[PDB]
Structures are given as C-alpha cells and as structure tokens.
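Top line first, the protein sequences correspond to chains A, B, C and D.
243 is the number of the first residue of the first sequence in the authors' numbering; add one for each residue after it.
319 is the number of the first residue of the second sequence in the authors' numbering; add one for each residue after it.
243 is the number of the first residue of the third sequence in the authors' numbering; add one for each residue after it.
636 is the number of the first residue of the fourth sequence in the authors' numbering; add one for each residue after it.
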Amino acid sequence: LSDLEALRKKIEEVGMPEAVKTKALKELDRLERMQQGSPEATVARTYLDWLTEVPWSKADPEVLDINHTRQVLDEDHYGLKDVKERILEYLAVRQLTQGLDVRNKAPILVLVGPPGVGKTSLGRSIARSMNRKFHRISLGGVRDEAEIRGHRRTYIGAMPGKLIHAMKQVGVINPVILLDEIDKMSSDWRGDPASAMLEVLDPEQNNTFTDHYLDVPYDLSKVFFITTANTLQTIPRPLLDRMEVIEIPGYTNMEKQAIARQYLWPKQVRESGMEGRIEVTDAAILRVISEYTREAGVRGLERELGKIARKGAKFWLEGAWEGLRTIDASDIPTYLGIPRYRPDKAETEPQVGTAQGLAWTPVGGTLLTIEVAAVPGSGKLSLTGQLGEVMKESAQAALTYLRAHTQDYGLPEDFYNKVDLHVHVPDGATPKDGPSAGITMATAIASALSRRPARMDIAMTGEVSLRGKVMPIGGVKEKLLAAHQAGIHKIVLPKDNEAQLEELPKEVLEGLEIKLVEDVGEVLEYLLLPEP
Amino acid sequence: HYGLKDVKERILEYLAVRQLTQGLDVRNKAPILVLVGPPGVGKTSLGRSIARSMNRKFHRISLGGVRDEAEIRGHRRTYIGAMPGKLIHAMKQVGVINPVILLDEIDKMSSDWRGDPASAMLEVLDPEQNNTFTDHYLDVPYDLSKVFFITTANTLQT
Amino acid sequence: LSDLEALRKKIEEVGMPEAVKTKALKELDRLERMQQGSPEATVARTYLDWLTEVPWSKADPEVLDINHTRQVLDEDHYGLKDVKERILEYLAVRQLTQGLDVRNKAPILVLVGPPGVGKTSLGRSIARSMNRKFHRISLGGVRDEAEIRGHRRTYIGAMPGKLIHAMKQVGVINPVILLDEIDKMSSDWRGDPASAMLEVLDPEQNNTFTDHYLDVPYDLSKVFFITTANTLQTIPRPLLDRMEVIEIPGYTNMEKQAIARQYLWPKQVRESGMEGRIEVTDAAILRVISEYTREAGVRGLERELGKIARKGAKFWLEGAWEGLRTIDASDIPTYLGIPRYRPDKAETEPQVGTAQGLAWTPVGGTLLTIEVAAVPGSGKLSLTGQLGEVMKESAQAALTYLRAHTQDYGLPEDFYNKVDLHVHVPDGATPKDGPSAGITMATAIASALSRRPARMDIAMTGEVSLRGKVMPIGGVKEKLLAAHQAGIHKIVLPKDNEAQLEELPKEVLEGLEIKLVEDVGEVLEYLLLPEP
Amino acid sequence: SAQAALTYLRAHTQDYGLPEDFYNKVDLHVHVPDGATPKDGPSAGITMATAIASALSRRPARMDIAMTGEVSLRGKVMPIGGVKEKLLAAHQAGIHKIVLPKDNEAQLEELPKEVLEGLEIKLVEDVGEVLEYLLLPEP
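Next comes the structure, spelled out in structure tokens:
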C-alpha cells in the first residue's frame, strides 16, 4: 500500500520539531495492520496526515511601521479619529517590545462594541497592514473544552479543536485570529472552556497548548490575537487580566451618511451589476438612515442599499429608458415600501404617565419608556420587568423627594398611604447596572401622580439621592450616542457631568442641545408640559 | 399554482442579479435563497418550474435528520463498502454539470458528533470553496461552480 | 483495544503504592472491553489517566534558613517591617511545620486586607524562599462541593474537583498551594462548601480525601496550604481551630509615593520596553496619587503608570528627539487626560441632612457619606442598603438620645408622631459588628431634625452607648489613613481608643487632628453651624 | 401581560360594572393552550384583557371576532408584527373579522387583495375600543 509511502513522504515533505519527528516516524512504523476491523492503519493514516499537513516552520513577513497603519485606518469607514489611536497605542508597544521581553506582557485587545460596527473590518485593516493572513473563529455555543483542546486519538472519526483547524487552513505559523464572540461560551458538558481560553490566551501558557488529538502541544507563541466582545459583564474575572478595553462606541448620522457615500453604496451598486447606472442624491440616503434603520452601524444600511440595488436591476432589465438613474428622497418608497419609523422622534406627542430614559443595552443604545400607574390602594411599590431592589430604592427615593416636595408640584399632602404604584420598566437590568435613570423615574412618578403630561423628545439620564441631589454618572458618551441614534435632540444631564462633555468629540455634541441641571426640581421644571 | 403574486417577484429579482453575472465580475457574494413555509405550500413546484424555465434538470437530494459528515462525505476508501456522499451520488443520478438542486428542510439538522455538518454544508454551499470540493472517497476537486442551488426550510429560528 | 498494551505499563511505570494498586484493580475490573460508545469505561480510563500521571514519591529541596527568607523578603513589596516579621517569626518558631513535630496545632496562616497589596506576591516570595512550587485559584465563585469533590463516578462527565487537577499541575508531591477569597462562598449545592473545607482542614483529615469520584483515597499531608482573604469584617468559625491571623492594613500617601519610586515604575517601563527614557517627578507622582486613584493597594498606580508608559511609547515612536523627558505635573493631562478626583475638599459647604462617616468595608475602612431624608409621616424608620443591623440599633440609640436631648438643641418635642426617616448608607451591609457610623448617624439625624446645616470634612465614627457615651471600636488605623488621604482633618474618635492612637506612626498623626470625646453633646456642639 | 391588563382594569372599575375594589378578593387562574410557540412574548395582550374583563364581569365574549396585539399600563395598544401571518391564520380557520392596532393601517396596505378580500378589519387604538366591540351583553 503506497498510502504508507505517501505518509512517509509527507513526513519527508514538511519540516517539523524533534519530538514530532520521532513520534511521527515511530508511529509510521506501526502500520501494515488492520485496514478494516479495528482500523489500525486508517486512523493512523489520518493522524499522520494531521501531523504532516499542519504548518511548521513557515512564516509571514511582518510590518514594523505605524504610519502605514494610520493611513489604512483612515481608509476604512471614516477613520473615527478616536479609536484608531488606541490601536496605534497597542501596536506601538508591540513594535518596541520585540527585544526578548515579549513574554507574559501585553493584553489581547478586547474590542467592545454593538454588533456589526467596524470590528471585523478593523481586523481586516490590521491584517492588510502587516502582511499577515486572516481568519475568523466563532465562539458562540462552545461548551466542550475538546472543541478547543484536541479530542482523543481513539478511533477514526476523531477530530482536534477549533484552533488547529484554523491553524491548518493557513499555510504559515503566524496568522491573525479574530476570536469572535469570546463572551458567549457555555459549560454544561464536561470541561469549562474558559480555562482552555486562558490556556490559549496567555503569552506564556499559549506555548504549551493542550492537545488531545496531537501528542505534542502546539505553539500559539506567534499568532497575533485580537478579540471581539459585546458586554463586559459576561466577561469573567480570569479572562479580565491581560485585556485592555478598546471601547468602540456607536456612530453618528453624519458619520453614517459619509460612510454610505464613501463606502457603503458604491459597494452595493458594484454588487448587483448596475455599475454607473443608478445614482442617489444624499437626501435619499438621509431618508434611508433616519427612517429605515434603528441600530448601531452598518447592517441596516447594507440591507436597505442591497434591496435598492436589486429593485433597480429588475426595473432596468425591462427597459433601459434613462441615461442615469437618479433618485430623490421621495421615490425611495417605490424601491422599499411603507414608512417604518418616524422622521425624528418629535412625532411623539406628550403622554400623561410616561418618562423617556436614555439607556444603553450593550448591543445598542435606546430609549426606555418607564410606565407608571397610580392605582387606588395602600402604598405598595410593584416593579415588574425583571428588577432587583436597586430600582426599588431609586423609586422609593424619588417618591421620598416627592414626600418632601408635595406642594411644589400640585399633589395631595397624603398619598403614600393611599395610592399603590404599579411600575413597568422595560428591561431595567441592563448594564450600567442599577440606576443610571433615577431622574427618569422621578419625572415618571411626578407625571403619573401629578396628572400632568410629560414631554417627549427631551430624554435624560442620571442618579438621584434622598435630599434630591443629582449625582454624576459615568460613561456619558454611550448614553449620548443612544440619544443620537434614536433621533433625539434635547438631553438633560447632571451639572456634575460638565467635566465629561468637554472630552466628547465634536461630532457627538454639536447636533445636541444639552440642558444641564443639578436638582430633581430642575428636571421637573423643564420636562413637564404644564409646570406641574 | 395560481401565481402567488409576491414570491415570484422576489425570485425574478434574485434571478435579475443572476443576469448581471457571467463575466469576470467576481461578485460571488450571493445569498442562496432560503425558502420558508408551512407544510406543503408549493415549494418543490417552484424548484421544478425554475429548473424547467431555465432548462435545467431538477433533482432533489433531501437532508432531513442529519448529524454526520458521512451523509455528505465519503468513507474509508479501503474496503468494499466505501461510498461517496449524497451530493456526488446525486450528480451521478442527475447527469448535468449545471443542474438545479433543491436541498430540503435544512432546519432539520441535529448533533450527535464533534462538529455539526453545517460546516460540511458550508464547504459546498460557498461559491469559493465549492471549487475545491473533494470527499474522502474522492481525490480530485469536483467543482460546484456551475451548480445553481435553492433551499427550503420550515423555521428560520433553528 | 491497543491502549491496554500501554496502560499495563502506565500503572507499573508510575511509582504506585499498594492501595493505589488496589484502586488500579478497582478500575481494571471495568477495563478490558471494546470502547464502542462506552460512557462508563471512558470515564474509567480517564480516571485511570488521573491515577497514572499524578506524581508520587517526589519530595522537594525545602530550605530552612531564616535570614535567607528575610533577605528574599527584603525585596518584597515595600517590606512593611512588622507583618514580614510576623511571618519570619512564624518560620523562626516553626520547627513544627512537619519538621520536629508534635500534635499540638497546624495553623492555616490566614490573610485579610486590601485586594491589591502584594500579599499574593508575598506568597510568591514565600514559595521562592521555601523552594517549593506555587499555584493559586479563587475560592470566590464557589458555592458547591462539585468543584472540590469530584462528580459521582458512575457515567461520563465525572470529573475530579480541581484540587486533584491542580496537584496534577505540580510535578512533585509537596508544593505550597494558595487559595484566594476563601470567605466569599454560599451553602448552595452538595451541602456546605465549608464542610468540604472541614474535610480538607485538619492535616490528617485531608490525608484520606474521598470523593464521589475518587474511591481509594489520595494523599494530602505534606503540601503546605495557606489562604488569602480580604474581608476585614467576618472570620469563618469552623476554621478557627488551627488558625494564625496575619493582617495587613492600608498605607500612607508618601509610602505609596515611595513604592512608586522603588518598584512599580521600572516594571511599567519594562512592560513597554523603554530604557528609562521618561522621568516623572515625585510632585507629579503625588499628583497621580491624589487626583486619580482611591485604593489601599497598588492596582491603580500599576495601571496608570502603565498608561503613561504606553502613551510615552507611542509619542517616542513617531520620532527620536529625546535623551529624557522629565515629565512634570502639568502635562500629565497630555498623557492621562482629565484627573477625576480633587486635591481640594474645602468645597464641601455644610448640607442639611447629611453626615460623613468612616466605615469598615472589605477593602478597609473608608469614607462614606450617610444620607438622611427626614420626611413628614408616622414616626417610623427605614434603612436602605440591606445593612448589618448594628446600623439599625445605632439609629435606635441615636433617636433615643435625641429624645432625651430634645429642647437643648431646639428640636420639636414630638417627632415620633409626625416624622418618618429614611436612611441611606452606601455600604453598611458589612458584618462590621458594631456600627462604625453610630455617632455619624447620630450627627446626621440631629442635623436633619434640627433643620440646621451639618458641617462636612469632620470624619466621625464609633458607636453610641445608650448612656450617651461614645463606644470604642478597633481597626482605627485604616480609617485614620482613609480620612487622611481623602482630604479630611477633623476626626471624632472615642476616648476609649486612646491606646490605638499609639499604634500609628506620626506621619498619620501629623496631618490630622484627633479629638478624644466621650459625650455626644460635645460633638453635636462641635459640628452644627448653630452652636447647639 | 395579565398584570398589565389588571392594572388598566383597576384604573377603570367604574366603567365596566366591577365592584369598587376587586384586587383583594379574586384569585385568577389562567389556561393558555399552546405547547411552545416559537413566537415568544405577548402577541395576545388584549386577548387576555378581554378574557379577564369578560370573566370578572361574568359577561360573554363574542367568539366570532379574531384579535391580536400588545398592551400597556394605560390602554395604549402597541403594534405587532407579522400581520400577513396572523391574517392568513385568521382566514384559514374560517374567521372573517380581525381587530388590529390603529398603528396598523400603514401595515394594512401592502397585502394582496387575495387575502384582504374576505376580511373586514376594524382598527382600534385603545383597550376601551376592543371592549366596545366585544362586550355587547353588559347585562
């Protein structure tokens, strides 16, 4: 059987380490046995082909310039001007730390941001920069550590981990690996794979990476890693060492629009073959953004411009009746359908009992409508929508301020003995956990008991305390990008956050009219439509 | 059946993209048409009718109840009893280099294996790594570059 | 199968004792079949590999030179010169640590203190001195004995508790192993996790460690265990048998400054491979200490000097124009951006219903403002924070004292008919037995029902006896350190802690002003803007 | 969704003939016949609101008019999605009248006439409006 000869010459083919060479030759001289029963040459054959084809001693040339990378990051979406700098910082430290202190250093760049924004693109830009190759590996639903480690060389039909498939696809030893969705692993079967990730991840324990299919542990000691995420709260503590957060925030609609013209819509029109035939005036791109997507980034716009490209190709195919096909913001619906969303959220028309909190889920910021019903009763405080007592303390504290400040806001002097509250909070357990929306509930309860309408398109965030001082929250950037994606102009913030606002890059600020306050009394001054 | 008024619009749109092809326009980013429905609303008639309207030879090869990379792939080509997968067996049953192949109920997959064969699906179903497609019983790449697909299901959740 | 030809060696190539050969027979009964989907035999041979590769008969070079240990610990974190004397006299007394031996005590050498100090690295330096090996794992995130005892070895997925795994990850059979956060567990599954630690507890009870997974017991006798906890409020009582407590308190600002000069900076510079091309002045270092980090460890200084190193790396990469940039305290916002905390706490401006106490948290005693809402009502009391009820009865004592001292401060004689109270403590859920905010809450409620302002920057603590006397508490050192560093000067301590005043160096005692008081009327004359 | 329906109703005990308190006295037992719908969440809010009001007033619900939607704590009937699905289900089972949110006239236009040509859709905005349809026998 010349398959033995093929296995032998594939050992003769590829370079390999010393113990790998000895184990491969002595396992090569186990052959000439049962093909068909307990298959004593086939599983060894597949085992030897795994031990020959996997790349040893083969390398990509690498770049050692940062300015090249600064150009290539100013060609992706818009540059973003802000978090290309962090990637420069880590890559800069990687340039200097090559003089033999590479080990046990160097976090692995968790890149946190809502799904679809330029993360995989960022890996593309970096791998373009360095003359590396590229791969992706998705880690949603991995529970077996032997999906990460090898799995036992027992019978034919046994296969190694994710990571050695991926290191087998490339032909060199030094790729880039975008570990997709590292915060979504499970462990209900044997083995908790977070420990295997700490085996993979650390630059001293990568080098002895545990392999159950292979004998010899592989060397991840040259694989540049990079790693996605969506939420820091599902990220554990042992992974949280050797990770510098790179905070990818949401986009702004002017950044979205120039992202369309410079980078989205020519790629779509190059897709469906209409090259140089249809054009879109930019008011129509604004019609598309402001009315046919509510997300963070470049998924909604990719779908909408795809459907425009296809419908245009069909309409062209039954006659070529124009010179160019221009499109205004009026005949987008011909290509796409009914009005889904409102133009701005100024079409929102003040309610009686409902407040509008800025909030940030870790997969895209949003509004919340906290809804309050003052029903006749005894004085309970029911908080549905999956809440702990941090929200209950916030509600009790805002009600305590009202118990201090009845007459200032047109209320009965005794109501806490007689009026039950039911409170619906649509998912108020989201990160930035606990209250970052205390003033929201203050205006909500003031609205519901005051019987006076709470305005809309004035949407805020922050904490309160018992005397009624509005305390500063952290992370004003994410909350303002929520207010800026969801089509809101007017924001109210604590006065103690006016040190944060001056670090905000001017795209984010200059659409918005910030009404800085310092009391609960001041948001009940602005936000209510009559003053009670 | 009666026209359906709405799906054959979208099918003409997808085919209108397949018009603007056939050069070395490398736009192989191509969605592969997950048809979705209840039990029995006229899917395989759409498959047959498209294959007739394009003069191609329709051939179902269903993939319901799968958890193995051996329905798709070969075996130990060392003893009598080694056989290729459902695809090259289908391309033996049908005999054209450019068929239409209605894969069937692809949301009935399962998992009693280390590795869902959804990745083994993902080798053939891409327009790129179809072009090197080889089973264990095979040696040389049989391409599927000319082989138009279509795929039903019953729920997009699973 | 073919693996039995190797596994017949694997039991008699590993040095195994007689009961180990007995458990080898116990597994060998279940061996010697076909492995065609055999879930019991799979975990049988897996447990067999656990039996083989875990080592035997390997003692260590374990040196016993006291001034050697002292000289290794002369480089430790800063010295601290007392608690290293405690450990040096541990190893100077202990010829009993399985050397010259009796059955008298085997203490466990517990540590409780700041989360960020080098008590872990003290354990590292200990293992360097003992010349044994090291491991660590968190006992935080433990609620179960499935992590200590293995699973029920009767089907596939029975895996050992990770103590056996960690002893597999030591090639010899008497190392020193660390446990971390021993005191953060819950009685949830498989009974008490502390019951498993009671089986581990005594040095001959762990010699017979049986499991749901092991059958014939494993040796745990020679391996020195030591813990590392950080809660300063409770101690678990079933471990009080055979225990030696070694505490570590916080620091002074200038000691942290010295630590930044000594050890932290050259490591942060060598993480970015700089050759010391960047100097920071101690003026600027103390500015970093004041304005940025509020901790009693070296975590914050570690990361922020990491930031300065990395920013300096990226600036130096864009051109070589330097021999040194001695960075001063003004262009630190060139690198670190905005500084968060203030050197100035003269901006405090006495509020109506507040106080500012010194609590005893599991990072040490710190500052916490306690907020009070006196509302009209029905004489009630509510706490928030889900406190230790020493806060509740301290509120009881404070209220009864003010009911005995109504007219002398100007209070209305009735308030338990008309006024409810809501009391927020930020973190008084500690098991600090006794309030460390008794007179704090007393001051606050007197200020609140007074409707008179309450001066800040006067950090007070202790308890209230029911006879109007200020009861003493311990742990005075860390709280005086916290009030020193946070920008507070006036202290209100009991008289009956006067020998604890001896227990601190005069740098703590020459930035402050400690008032021995014992009548509560004295301090309530001291704080309010009216003299009563 | 059940408690939201009760919240609306507790605000509106005058209008429907309920006794002036009823939260103190009546335990509520709910049977939802379905095993596991891949549609999760309340696509049947005013379904439960009508069931609850008809039960607590002991007055029969007309089992002739199909309905769907979501609810909210004052009666603001939110819109729902998948209207082609629910209308095809409402006409395969031989029902001819469907109650929908008033936020679904813009959704009630893109459908083929093949589907809209049996039904008589009667759009409403508030929970009081579905209780004007389905509560004929007030005595």
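Just so you know, even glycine gets a beta-carbon here, dropped at the ideal spot from N, CA and C.
Asked	Found
DSSP beta-bridge partners for A:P654?	In the DSSP output, where bridge partners are listed per residue, A:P654 has none listed.
Can you give me the C-alpha to C-alpha distance between B:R328 and A:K347, rounded to a whole angstrom?	54 Å
Roughly how many whole angstroms lie between the Cα atoms of C:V359 and C:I715?	24 Å
Quick one: complete alpha helix (DSSP H) runs, 4+ long, within the stretch 302–363 of chain A?	309–315, 326–338
How many Å lie between A:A438 and A:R391 at the Cα?	7 Å
Per DSSP, what kind of secondary structure is C:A679 in: helix, strand or coil?	coil
Entirely within the stretch 725–765 of chain A and at least 4 residues each: give me those alpha helix (DSSP H) ranges in chain order.	748–751
Is the beta carbon of C:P297 sitting closer than 8 Å to the one on C:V418?	no
Any beta carbon of chain B sitting closer than 8 Å to that of D:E720?	no
Starting from the N-terminal side, write out each stretch of the alpha helix (DSSP H) that is 4 residues or longer and does not extend beyond the stretch 495–568 of chain C.	495–501, 507–513, 524–533, 541–559
Looking at the secondary structure, which residues open and close the beta strand (DSSP E) in which A:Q598 lies?	596–603
Got a sec, what are the start and stop residues for the alpha helix (DSSP H) C:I574 sits in?	574–577
In the DSSP assignment, the beta strand (DSSP E) including D:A671 goes from what residue to what residue?	Counting along the chain, D:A671 falls outside any beta strand (DSSP E), and DSSP gives it neither H nor E.
Listed in chain order, which residues of the stretch 486–513 of chain A have Cβ atoms closer than 8 Å to some Cβ of chain B?	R512, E513
Measure the alpha-carbon distance for C:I574 versus C:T568 and round it to whole angstroms.	11 Å
Mind reading off the beta-carbon distance from A:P677 to A:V617? Whole number of angstroms is fine, and I expect it under 8 Å.	At roughly 24 Å, the Cβ-Cβ gap does not stay under 8 Å, so A:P677 and A:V617 are not in contact.
With distance defined between alpha-carbon atoms, name the residue in C:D662, C:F657, C:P604, C:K711 nearest to C:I477.	C:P604
Evaluate D:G670 with the Cβ neighbour count: other Cβ atoms within 10 Å of its Cβ, from every protein chain shown; 16 or more gives buried, anything less gives exposed.	exposed
Does D:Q742 get closer than 8 Å to chain A when you measure Cβ to Cβ?	yes
Below 8 Å on the Cβ atoms is my guess for C:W602 versus C:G717; work out the distance and round it to an integer in Å.	6 Å
Strictly below 8 Å CB to CB, what residues from chain B border A:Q278?	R394, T396, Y397
Suppose you measure from the CA of C:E749 to the CA of C:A526; what does that come to, to the nearest Å?	20 Å
With distances taken from CA atoms, which of C:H731, C:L246, C:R545, C:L723 is nearest residue 241 of chain C?	Beyond the ends of chain C as shown, which are 243 and 774, falls residue 241 of chain C; an answer cannot be given.
Pull the bridge partners of A:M713 from the DSSP assignment, please.	A:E705
Would B:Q340 count as contacting chain D if we go by Cβ distances under 8 Å?	no
Taking 8 Å as the threshold (beta carbon to beta carbon), is B:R432 in contact with chain A?	yes
For A:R366, decide whether its Cβ has a neighbour in chain B, counting only Cβ atoms nearer than 8 Å.	no
Closer than 8 Å between beta carbons: that is the criterion. Which residues of the stretch 747–759 of chain D meet it against chain B?	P747, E749
Since C:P480 is in the beta strand (DSSP E), which residue starts that stretch and which ends it?	It is not in any beta strand (DSSP E) - C:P480 carries neither H nor E in the DSSP assignment.
With DSSP as the reference, label C:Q593 as helix, strand or coil.	strand
Report buried or exposed for C:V285, applying the criterion of at least 16 other Cβ atoms within 10 angstroms of its Cβ.	buried
Select from A:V314, A:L629, A:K410 the residue whose C-alpha is nearest the C-alpha of A:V465.	A:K410
Anyone know if the C-beta pair for C:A551 and C:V511 falls short of 8 Å?	yes
State the CB to CB distance for the pair A:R378 and A:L420, rounded to an integer number of angstroms; the pair is presumed to be in contact (CB under 8 Å).	5 Å
With three or more C-beta pairs closer than 8 Å as the rule, is the stretch 425–439 of chain B touching the stretch 394–401 of chain B?	no
Just the chain D side, please: which residues come within less than 8 Å of B:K323 by C-beta, in chain order?	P747, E749
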